[PDB]
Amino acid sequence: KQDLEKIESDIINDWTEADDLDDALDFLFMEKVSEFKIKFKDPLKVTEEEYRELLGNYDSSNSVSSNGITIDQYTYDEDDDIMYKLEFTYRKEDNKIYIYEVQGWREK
């Protein structure tokens, strides 16, 4: 019954859908990408804090939400007068965020 040595020796875990998206964002945020759009047949489930981790340090935001949906917009002030706009379309119920759509683009 000393297989609990196996349990503490165990490496976990750790990946989650958010991590997987976050990793994509990493790519999609590069200076060379001018704009991307990702639509989800089945929405990408995510926790409130997982969602806050995906946003990381925007300068400003605005969101609007009629019916079950929230179009949430985020701004990242960049160099040479360029704003970066990230936008998440999502239903939330509750404490768990169901992203139906992510969009990115830049503006002067």
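Heads up: residue numbers just count along the shown sequence, starting at 1.
Next item on the list: Tell me, please, which of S34, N57, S61, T70 has the highest C-alpha B factor according to the deposited entry?
Entry: Among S34, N57, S61, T70, the PDB entry lists the largest C-alpha B-factor for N57.
Notebook entry, point to check: Where does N95 sit by CA temperature factor within its chain: lowest, middle or highest third?
Noted result: For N95, whose C-alpha B-factor we compare with every modelled residue in the chain, the answer is the highest third.
Item checked: Third of chain Cα B-factors occupied by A18 -> Its C-alpha B-factor, which the entry lists for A18, ranks in the highest third among residues of this chain.
Next item on the list: Just say lowest, middle or highest third for the CA B-factor of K108 relative to the other modelled residues in its chain.
Entry: According to the entry, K108 has a C-alpha B-factor in the chain's highest third.
Next item on the list: Please place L86 in the lowest, middle or highest third of its chain by C-alpha B factor as given in the entry.
Entry: Tercile = highest for this residue's CA B-factor.
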